[PDB]
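Reviewing the structure listed below.
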Amino acid sequence: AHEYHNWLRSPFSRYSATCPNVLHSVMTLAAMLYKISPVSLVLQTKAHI
Amino acid sequence: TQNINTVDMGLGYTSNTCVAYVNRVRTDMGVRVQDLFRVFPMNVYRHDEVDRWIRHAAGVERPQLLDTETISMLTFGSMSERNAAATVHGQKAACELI
Amino acid sequence: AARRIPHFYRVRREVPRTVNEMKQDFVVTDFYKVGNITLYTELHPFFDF
Amino acid sequence: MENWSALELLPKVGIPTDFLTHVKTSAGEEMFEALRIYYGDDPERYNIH
Amino acid sequence: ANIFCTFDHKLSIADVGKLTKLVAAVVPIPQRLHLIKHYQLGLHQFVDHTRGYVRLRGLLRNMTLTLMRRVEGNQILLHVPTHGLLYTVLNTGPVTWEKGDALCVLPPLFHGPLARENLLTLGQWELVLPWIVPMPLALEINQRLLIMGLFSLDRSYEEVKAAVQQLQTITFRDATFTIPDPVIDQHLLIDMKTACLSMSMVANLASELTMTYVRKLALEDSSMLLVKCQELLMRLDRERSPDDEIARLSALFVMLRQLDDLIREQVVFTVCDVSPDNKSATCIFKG
Amino acid sequence: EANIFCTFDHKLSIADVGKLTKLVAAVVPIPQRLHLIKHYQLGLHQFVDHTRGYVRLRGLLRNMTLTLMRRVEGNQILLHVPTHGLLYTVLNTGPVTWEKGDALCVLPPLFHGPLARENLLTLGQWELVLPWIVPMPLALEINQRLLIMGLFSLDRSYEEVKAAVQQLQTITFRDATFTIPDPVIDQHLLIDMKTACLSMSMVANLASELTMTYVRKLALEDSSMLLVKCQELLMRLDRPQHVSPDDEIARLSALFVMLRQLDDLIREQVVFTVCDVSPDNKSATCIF
Amino acid sequence: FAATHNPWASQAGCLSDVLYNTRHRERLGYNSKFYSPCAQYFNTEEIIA
């Protein structure tokens, strides 16, 4: 248990337990993992995400 | 050289101004968000090829050669951006908060 | 021409892409911004220079 | 050019010239044909040739 | 050419009684106006946290400097000196003057001092006068601050700490000062940092440009000075496109032009007979 | 001894003396410093010679004395040598905007661009060309930039030097444009570069072993923009053991005097420093 | 009567309180001549003093 050094913090496991199974929740588990790099930020905003 | 000097002879506040009439604005109610690269010229990313990438995809040109404007900007405080060519609106103004 | 199609890939230098691909990286409310560097090459609707 | 000592030495007519804008604005925006401003009090009126 | 100055705040009688002791001393002011408010007067408007002392020297070099003459009700008779005629001053510097030296003017180094200018303060304002020190001590203490700042980047070792403690002391005639560090808590002040950076990088630019320019120069008429120049360069080395060299040479000149508050110490006075207690001295204003 | 009279072989018409009476308190140099002079040595047109060098004129006008023109009444121009210290009023025709703090140095008049080249007095073989009064940063930039033209361009073809100095001749200082027309490579340039080479070799040799590695330590420690500039400028060819306090003191003294004898080639002693500028940027009241 | 309607701004040491306080801006090497209109809302040494 090195929770502040992992790459998946508490809200990922908080979100996995309460989701449905209609193949959109797997897309949300995917796209919660967009990084928060400045390069990731300019790439995300540069397509109006 | 004259030198007047006044004595206030009022108990409370004996003179009231009121904001009366608006002639015009001087800003533009604009959306030109604040260019933080011209406010903080000291900071870059510590790794190269990601500093030049951010300055490539962030619309701001890189200072190529070392001019005395660059060292008076990094040391002292002066007018970083220049006044543009065409201003039919007026003075520009915005800021940013997360 | 078909037999030396590996003989370009033995040397492994990256090629910078055309500006025609720099154009179509953008969304329709961003093509008229100051950051679009492909405005000095889009002149005419019929002859892209 | 038009000598301004003939303005400065010759006796002039007093008049309430009330024009609507500032005088230095009407100078610096060249509403008049030929201005001659001095911000001091120059002695060039006195060299009477 | 006489100047005036007025204080907006209430000025007591003790503040005048401690200010009029400073009846003839230098007070530099930013602009030669005929009437100037007191916030601009002095050097309190310039000090802050991040910037240090070399900034104060650089802005004081280009600043005009005047002489305080008399006091009145709430107008202060500042008086700008003229080149050639002679005046009287006082000694706010901590060194006893003697005959015929050349005084310099440098910013005072006791920022937050034990003297605190006699509590001659107003609301968020305080008066401060620059030191008036003769020239050998002036460029001496300039070198002392400089090589105190050079050692500041690797100070974890202990013999360099004792070297810095040696540098913090000073000697003169009956004079001991303790000039504090530019470094406080593992970081440097930005103007001191850019000063030592400018001189170290103009030294490096010389070290990697002279080996090009002895060959780019020596294909003209050679001299014995030129072969001894390459002898110096070659002993230094054996001891171990236009676009880049144009930037190297431009950066060379513009970065050596940032030491101009260090490489030239310009004299501002010539001492005449001095007084007993060595606090006052008639003098000739130069420059 | 204070007032210098002059004369012309022509006479002076009302149009010409009306052109000239506008130039009260204008600066005019004198090659000789004698009591009575002729107008064929007044000004600078005795010494102008194109395809000889703008730098020769920069070294020559630096050597003349300076005067101020006033009180013209017919065959008397009355140049007046300024004493050392009193407040004078001057007048500039060189189009540069001024500032209350900036000092002044004299430069030969470079061409400005419009092909006007105003001479304001035209005689049979002699026009009157006038010295420029310019602020101190433009004077330092002119001196360092033509020294860059001299030092950079040895052993090169005309093509890359043309492409470099076509953009290096331009100085955009206070919304103007400028050009340095004749940087020609004279013996004066060769002795200037020889002193520069000697001073650079001295500060490369007798500097410390710890000042060479200061920016390397800031590269290993800190990260700024000009640090990235220094790494791109020096990185291509890539515990203190020795400590010595007093040897470092003498080393910095030698480094200082050799930096000063490098800096002397571009930094002239100032000739004027203002107290006020006229707000239409014509005259100024300066002390020297 | 709530705690804080923007928890990345109010409490001492956020991104904006370190980004706009003139103390932390002077530490971070800022241009003193640029105006940023949020600077009057984020000081304390003008406010709590």
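Ordering of the structure tokens sets the chain letters (A, B, ...), residue numbers begin anew at 1 in every chain, and ligands are numbered from 1 in the order given.
The part of chain B that reaches within 8 Å of chain C is made up of residues 57, 58 and 59 of chain B, counting only C-alpha atoms.
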Worksheet item: Once you count only C-alpha atoms, which residues of chain G turn out to be within 12 Å of chain E? Could you give them as JSON, numbers by chain?
Response: {"G": [22, 23, 24, 25, 26, 27, 28, 29, 30]}
Worksheet item: Using only C-alpha atoms, which residues sit within 9 Å of residue B:33 once same-chain residues fewer than 4 positions away are excluded, as a PyMOL selection string?
Response: chain B and resi 93-96
Discussion item. Distance limit 8 Å, atoms considered: only C-alpha atoms. Which chain B residues sit that close to chain E? Return them as number ranges by chain.
Written reply: B: 65-68, 75
For chain B against chain A, which residues fall within 12 Å using only C-alpha atoms, given as a PDB file with N, CA and C atoms, in the first residue's frame?
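Resulting contents of out-v9.pdb:
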```
ATOM      1  N   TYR B  45      10.750  24.816 -19.099  1.00  0.00           N
ATOM      2  CA  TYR B  45      10.875  23.417 -18.723  1.00  0.00           C
ATOM      3  C   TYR B  45      12.346  23.038 -18.729  1.00  0.00           C
ATOM      4  N   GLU B  49      13.754  20.060 -26.028  1.00  0.00           N
ATOM      5  CA  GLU B  49      12.903  19.378 -27.012  1.00  0.00           C
ATOM      6  C   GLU B  49      11.478  19.160 -26.505  1.00  0.00           C
ATOM      7  N   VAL B  50      11.203  19.519 -25.254  1.00  0.00           N
ATOM      8  CA  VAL B  50       9.840  19.712 -24.784  1.00  0.00           C
ATOM      9  C   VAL B  50       9.573  21.176 -24.456  1.00  0.00           C
ATOM     10  N   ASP B  51      10.613  21.986 -24.258  1.00  0.00           N
ATOM     11  CA  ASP B  51      10.435  23.429 -24.189  1.00  0.00           C
ATOM     12  C   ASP B  51      10.149  23.998 -25.568  1.00  0.00           C
ATOM     13  N   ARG B  52      10.928  23.571 -26.563  1.00  0.00           N
ATOM     14  CA  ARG B  52      10.716  24.040 -27.923  1.00  0.00           C
ATOM     15  C   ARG B  52       9.429  23.489 -28.510  1.00  0.00           C
ATOM     16  N   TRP B  53       8.968  22.329 -28.036  1.00  0.00           N
ATOM     17  CA  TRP B  53       7.691  21.814 -28.518  1.00  0.00           C
ATOM     18  C   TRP B  53       6.525  22.645 -27.999  1.00  0.00           C
ATOM     19  N   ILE B  54       6.558  23.009 -26.714  1.00  0.00           N
ATOM     20  CA  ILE B  54       5.497  23.829 -26.138  1.00  0.00           C
ATOM     21  C   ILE B  54       5.509  25.224 -26.749  1.00  0.00           C
ATOM     22  N   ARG B  55       6.696  25.795 -26.955  1.00  0.00           N
ATOM     23  CA  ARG B  55       6.753  27.092 -27.617  1.00  0.00           C
ATOM     24  C   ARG B  55       6.419  27.006 -29.103  1.00  0.00           C
ATOM     25  N   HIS B  56       6.542  25.831 -29.720  1.00  0.00           N
ATOM     26  CA  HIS B  56       6.086  25.666 -31.093  1.00  0.00           C
ATOM     27  C   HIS B  56       4.568  25.634 -31.157  1.00  0.00           C
ATOM     28  N   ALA B  57       3.948  24.784 -30.347  1.00  0.00           N
ATOM     29  CA  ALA B  57       2.502  24.612 -30.368  1.00  0.00           C
ATOM     30  C   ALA B  57       1.765  25.597 -29.476  1.00  0.00           C
ATOM     31  N   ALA B  58       2.441  26.625 -28.970  1.00  0.00           N
ATOM     32  CA  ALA B  58       1.797  27.647 -28.163  1.00  0.00           C
ATOM     33  C   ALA B  58       1.881  29.031 -28.781  1.00  0.00           C
ATOM     34  N   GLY B  59       2.205  29.129 -30.072  1.00  0.00           N
ATOM     35  CA  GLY B  59       2.067  30.359 -30.823  1.00  0.00           C
ATOM     36  C   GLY B  59       3.064  31.453 -30.510  1.00  0.00           C
TER      37      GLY B  59
END
```
Can you tell me which residues surround stretch 111-120 of chain E at a distance of at most 9 Å, considering only C-alpha atoms, apart from same-chain residues fewer than 6 positions away, and format the answer as a compact mmCIF listing (two decimals) with C-alpha atoms, in the first residue's frame?
```txt
# COMPACT_ATOMS: atom_id res chain seq x y z
CA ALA E 14 12.97 65.33 17.14
CA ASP E 15 13.02 64.16 13.51
CA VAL E 16 14.26 67.58 12.39
CA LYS E 18 18.20 64.34 14.11
CA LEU E 19 17.91 65.20 10.39
CA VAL E 47 15.38 47.79 -1.85
CA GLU E 126 12.96 55.60 5.93
CA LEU E 127 15.85 57.80 4.87
CA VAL E 128 19.13 56.21 3.82
```
For residue F:36, work out the shell of residues within 10 Å, counting only C-alpha atoms and skipping chain neighbours fewer than 5 positions away, then give it as a CSV table (one decimal) with N, CA and C atoms, in the first residue's frame.
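What follows is the written file out-v2.csv:
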```csv
chain,number,residue,atom,x,y,z
F,1,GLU,N,39.5,84.0,-26.9
F,1,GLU,CA,39.8,82.6,-26.6
F,1,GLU,C,38.5,81.8,-26.4
F,3,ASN,N,35.3,82.9,-27.8
F,3,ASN,CA,34.5,83.1,-29.0
F,3,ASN,C,35.3,83.0,-30.2
F,4,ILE,N,34.8,82.2,-31.2
F,4,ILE,CA,35.6,81.9,-32.4
F,4,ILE,C,34.8,82.5,-33.6
F,5,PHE,N,35.4,83.5,-34.2
F,5,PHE,CA,34.8,84.1,-35.4
F,5,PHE,C,35.1,83.4,-36.7
F,6,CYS,N,34.3,83.6,-37.7
F,6,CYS,CA,34.5,82.9,-39.0
F,6,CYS,C,34.0,83.8,-40.1
F,7,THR,N,34.2,83.5,-41.3
F,7,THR,CA,33.8,84.2,-42.5
F,7,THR,C,33.6,83.3,-43.7
F,78,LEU,N,30.4,83.2,-35.0
F,78,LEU,CA,30.6,83.2,-33.5
F,78,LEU,C,30.4,81.9,-32.9
F,79,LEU,N,31.3,81.0,-33.2
F,79,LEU,CA,31.3,79.7,-32.5
F,79,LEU,C,31.9,80.0,-31.1
```
